[PDB]
Number of protein chains: 2
Amino acid sequence: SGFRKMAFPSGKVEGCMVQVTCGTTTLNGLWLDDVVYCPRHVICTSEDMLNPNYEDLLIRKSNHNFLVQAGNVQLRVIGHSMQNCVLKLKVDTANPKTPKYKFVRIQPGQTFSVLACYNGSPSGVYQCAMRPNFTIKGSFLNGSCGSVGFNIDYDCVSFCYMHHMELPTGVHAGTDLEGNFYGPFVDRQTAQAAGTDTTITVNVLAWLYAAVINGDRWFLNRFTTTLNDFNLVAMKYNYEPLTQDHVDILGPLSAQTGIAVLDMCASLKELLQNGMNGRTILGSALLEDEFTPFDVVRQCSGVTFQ
Amino acid sequence: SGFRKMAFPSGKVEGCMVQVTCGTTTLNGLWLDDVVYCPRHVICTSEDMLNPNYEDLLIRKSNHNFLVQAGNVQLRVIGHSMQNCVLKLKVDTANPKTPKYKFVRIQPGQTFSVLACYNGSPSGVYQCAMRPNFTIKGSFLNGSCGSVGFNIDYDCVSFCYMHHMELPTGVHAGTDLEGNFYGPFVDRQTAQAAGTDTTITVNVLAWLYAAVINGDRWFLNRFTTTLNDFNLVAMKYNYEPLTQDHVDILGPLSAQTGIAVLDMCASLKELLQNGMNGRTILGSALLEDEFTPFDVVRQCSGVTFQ
Ligand SMILES: CNC(=O)c1cc(Br)cc([N+](=O)[O-])c1N1CC[C@@]2(CN(C(=O)c3cncc4cc(O)ccc34)C[C@@H]2c2ccccc2)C1
Ligand SMILES: CNC(=O)c1cc(Br)cc([N+](=O)[O-])c1N1CC[C@@]2(CN(C(=O)c3cncc4cc(O)ccc34)C[C@@H]2c2ccccc2)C1
């Protein structure tokens, strides 16, 4: 029993974190095989970021302009390329610690673990969701660029996020490991802000199913609802529309608890309309939307990774 | 910016997790140098746990009654001893992955990271606090015994918790790595329950300081309070008394924000008396008490570990 925001074991990622220095700029990089991946704004000064031309800035750099430190050992750079907003530094040494890995671009609403790092050195690990507005509510200070987000499936680390910047609202923005930003953001100091966000409906439902699996049932009712009538209440409370594909995804949890998906939607409808009345669910006074259906199954059923 | 329940990087602990089988019972063990540590109830059947005599049960076992699996390699046991509620199995191989480590018995209110494990295989990592009633609100299923809680300081892993059991309220109970239970609990199936718990006052205050460091100030006021008058409100809301040593501990955070500790106590007094009025602090509609003053400084200042 219990339900926690649970991150994946970070060991396989810790062994890939290195430090990348270009000029006076230092940030984190990800060392897989003989390539280090880091944000391309490593080549920039603060004044560059106001309006940078990265092809021009990068053309003026050499392999020896990039210092790569992996613990004590320095790594010699033998090539460099730019792919979208990430820099790929080829090095003379394959990382002996390279895990089985993939690069994945996740959909909004999916979760991942973040290994926060400074100077190539891991600081901590925590779970995040990709918000509908393609930001994340992480925990990031100056120097954290190039920290990565990931999932682990069996042996295989699927990297899905590399940190680039913090937006004025204090939420965070970054790219997939191929350098493509999530959302409309760009690696330039301009007026750009998080757009309007919404609550991830299928995730709230999953979390309500986790609560039932863990013995909380106070919020259940005998009512039901149609998908159409639910989505109308969803719109009014700034929740994302629930699709039939979302319903199908909640299949296994609905079957494990004996609560039909549309029956859980009627429960959530009442919670949105009435509030919690000073009660809590799984230790939260809010409706939690950062657990996927997969996250609930993984933690309420004890999946492991090696 | 941002504030998250942040666990330590778990890599140094992952390399110590092994599987221990005695009879039909299988659980997790911690392999440091040439010793594996696991809960001594590994030697028990379910009927044994009703009223076990561990000296008698253990006297009837041999070294070859214990199977120890570390990934693929099986480890040969060459000795065994019981220390309080932990079993120490001596093995023929020193763990090549042994980190710098210590065993620490924490005070209630301190936090640690838990690496949840099944069959010697890490499942996930999360932060816990030792509650005042010496339970933890973890996330643990059948098979998780011998999972450990820990802190990392620089290079050194300080193990502080090994998981033994789940109490009827769904909270968790276990020992230090020397086998001494936190709280009054014993490794027997009896009527024992978590006692009355309280809210960790110094921790709530620390978290209010984290919110200020992160730009939330809506809950501040111009009032002040005396330590004595605060503690009287604390008693009424089931908060722990704030000691002068607690005040001194909050020194660095009070100095960084320019808010006197007793001024933050007056803020908290008002929050307890008025509620939050549908507002949130650091994304919580509750007063959060599972961050220590150290945890706030570590995350709002970017400490790392190698
Ligand atoms: C706060 N502001 C933005 O993050 C920001 C927002 C926009 Br809109 C556009 C840019 N932009 O394009 O320059 C931004 N960066 C400003 C510096 C950034 C960010 N950074 C970090 O270490 C960092 C990471 N996470 C959270 C942080 C919170 C902080 O309070 C301070 C720093 C960070 C280093 C990087 C950099 C790039 C080139 C030369 C020097 C430094 C990029
Ligand atoms: C639920 N009940 C108690 O945990 C419990 C409570 C008291 Br009061 C006294 C004992 N007691 O002394 O036996 C308890 N255990 C019952 C079995 C325990 C617990 N366990 C786990 O794997 C486990 C860990 N965490 C959370 C769990 C939640 C679950 O729903 C089911 C299992 C776990 C295995 C171990 C064991 C020991 C000897 C022989 C076989 C198994 C110890």
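Residues numbered from 1 in each chain as written, not as in the entry; some residues may be left out. Chains lettered and ligands numbered in written order. Heavy atoms only, no water.

The deposited coordinates for this entry were obtained by X-ray crystallography, with a reported resolution of 1.90 Å.

If you check the PDB entry, chain A appears there as 3C-like proteinase from Severe acute respiratory syndrome coronavirus 2. This entry's official PDB title is "Crystal structure of SARS-CoV-2 3CLpro in complex with the non-covalent inhibitor WU-02".

A few words on helix 8 (residues 261-274) of chain A. Residues and elements named next belong to chain A. In this model, helix 8 (14 residues) spans 20 Å end to end at C-alpha, consistent with the 20 Å of a helix rising 1.5 Å per residue. When we look at burial in helix 8, the residues that qualify are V261, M264, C265, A266, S267, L268, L271 and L272. Each element contacted by the buried residues of helix 8 is listed here: helix 4 (201-213), helix 5 (227-236), helix 6 (244-249) and helix 7 (251-257). Residue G275 follows helix 8 closely and has a positive phi angle near 80°. (Helix = DSSP H or I, 4+ residues; strand = E, 2+ residues; numbered from the N terminus. Expected span 1.5 Å × (residues − 1). Buried < 20%, exposed > 50% of the residue type's maximum accessible area, 1.4 Å probe, protein only. Contact = heavy atoms within 4.5 Å.)

Each pair of packed helices can be described by the angle between their axes along with the distance between the axes. All names here are of chain B. Following both chains from N to C, one finds helix 5 (residues 227-236) and helix 8 (residues 261-274) inclined at 25°, their axes separated by 10 Å at the closest point. As judged from the angle between their axes, helix 5 and helix 8 are roughly parallel. Where helix 5 crosses over helix 8, the handedness of that crossing is left-handed. Counting all contacts with helix 5, which are made through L227, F230 and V233, the residues of helix 8 involved are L262, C265, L268, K269 and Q273. Here the contact of helix 5 with helix 8 is built from residues that sort into 6 nonpolar, 1 polar and 1 charged. (Axes fitted to C-alpha atoms, helices over the stretch in contact; angles between N-to-C directions. Parallel < 35°, antiparallel > 145°, perpendicular 65-115°, else oblique. Left-handed = near helix turned anticlockwise from the far one by under 90°. Nonpolar A, V, L, I, M, F, W, Y, C, P; charged D, E, K, R; others polar.)

The subject of this paragraph is the sheet that holds strand 3 (residues 35-39) of chain B. All names here are of chain B. Within the open sheet, the 7 strands sit side by side as 5-4-1-2-3-7-6. Their pairing is antiparallel. On the outer flanks of this sheet lie strand 5 (73-75) and strand 6 (77-83), each paired with one strand and no other. Direction aside, neighbouring strands of the sheet carry axes that sit 30° apart on average. Looking at chain direction, strand 1 (residues 17-22) and strand 2 (residues 25-32) are connected through 6 bridges and run antiparallel. Within the sheet, the bridge partner assigned to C22 lies in strand 2 and is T25. (Pairing = 2+ DSSP bridges.)

We now examine the interface of chain B and chain A. Between chain B and chain A, the contact holds 44 residues from the first and 44 residues from the second. Together, the buried faces of chain B and chain A total about 3100 Å²; carbon and sulfur atoms form 52% of this surface. At the surface where chain B touches chain A, the tally comes to 2 salt bridges. The shortest N-O distance in the salt bridge between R4 of chain B and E290 of chain A comes to 2.9 Å. (Buried area = accessible area lost by both parts, 1.4 Å probe. Salt bridge = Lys/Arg side-chain N within 4 Å of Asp/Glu carboxyl O.)

Attention now goes to the site of ligand 2. Residue and element names in this part refer to chain B. If you check the shell around ligand 2, you find 17 residues, and the closest are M49, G143, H163, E166 and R188. Within the side chain of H163, one N or O atom sits 2.8 Å away from a nitrogen atom of ligand 2. Within the complex, the protein chains bury 77% of what would otherwise be the 740 Å² of accessible surface of ligand 2. With 3 residues, the top contributor of residues to the shell around ligand 2 is strand 12 (residues 156-166). (Near = heavy atom within 4 Å. Polar contact = N/O pair within 3.5 Å; in protein donor to acceptor, adjacent residues only side chain to side chain. Areas by Shrake-Rupley, 256 points an atom, 1.4 Å probe, with all protein chains shown as cover.)

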